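Here you get one chain, nothing else, as structure tokens; it is the form deposited in one PDB entry.
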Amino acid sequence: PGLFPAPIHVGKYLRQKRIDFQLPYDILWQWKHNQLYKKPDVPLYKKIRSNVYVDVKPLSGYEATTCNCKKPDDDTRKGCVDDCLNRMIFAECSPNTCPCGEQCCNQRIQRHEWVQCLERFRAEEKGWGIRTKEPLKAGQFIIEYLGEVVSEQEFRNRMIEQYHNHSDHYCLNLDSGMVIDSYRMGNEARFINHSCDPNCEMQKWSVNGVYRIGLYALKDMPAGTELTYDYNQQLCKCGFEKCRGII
């Protein structure tokens, strides 16, 4: 054999078949889009690895104390799985108090255990989107939503003064008065699109005394799947039976 052998039987015939080259439409659509509107610029923003507090600090008031989680003797399996009491009150364990030590898997946000297989791509009528290059399983922690933590007063000021020339909109509600604004600063999570039938969801966790938002998989996804969540006036192009029509 070989590592890269030639095709046999009908593969030889197809390989030697004369066919005028055609660019596939899942690439060529970009050209018509670039003629109707402009070729999209590289989306620029300040990449940060942790939230930036502007005029508020999203304290949760909760000190994560120890659970009754059992430390597995086999160092192969992780410690704080689905029945962790801290995990059940949506608090990540503290490293100083967790009985599972460095085997605890209830420290995913604070250990920045982001999924490393995400890729920004161009979606036909939705602009920039995020897809996963590998499969994901339900409940998997994917990424943290990062940005500037501002008050609703600060966010309204920003919208009045500099977000008037903007056709998108980059913010999560961390609170009824606090917002994570990723217009200027954030991470790749700012490119994740809305869906009326999402495969991911945002969860608010208390991580060592502060609130942090993480994107977790709602269901299993194969490779090449675009990440979506429910944003909770734009026409919605999510393409799903029983679509709400508007984001």
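Heads up, when I say rigid core I mean the largest set of C-alphas that superpose within 1.5 Å between the two forms. The numbering used is simple: start at 1 and walk along the sequence shown.
What follows is about the form deposited in another entry, which we do not show.
Peer 1: Could you check, with the core superposed, whether the Cα atom of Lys47 shifts 2 Å or more between this form and the one not shown?
Peer 2: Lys47: C-alpha displaced by less than 2 Å between this form and the one not shown.
Peer 1: Does superposing the core leave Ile19 with a CA shift of 2 Å or more between this form and the one not shown?
Peer 2: Result for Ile19: yes, a 2 Å-plus shift.
Peer 1: After core superposition, I'd like to know whether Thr66 moves between this form and the one not shown (criterion: C-alpha shift of 2 angstroms or more).
Peer 2: No, the C-alpha moves less than 2 Å.
Peer 1: Quick one: in the other form, is the Cα gap between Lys47 and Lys39 smaller or bigger than here? Answer closer or farther; it shifts by 3 Å or more.
Peer 2: So the answer is closer.
Peer 1: Out of closer and farther, which fits the Cα atoms of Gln30 and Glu226 in the other form compared with this form, where the change is 3 Å or more?
Peer 2: Farther, not closer.
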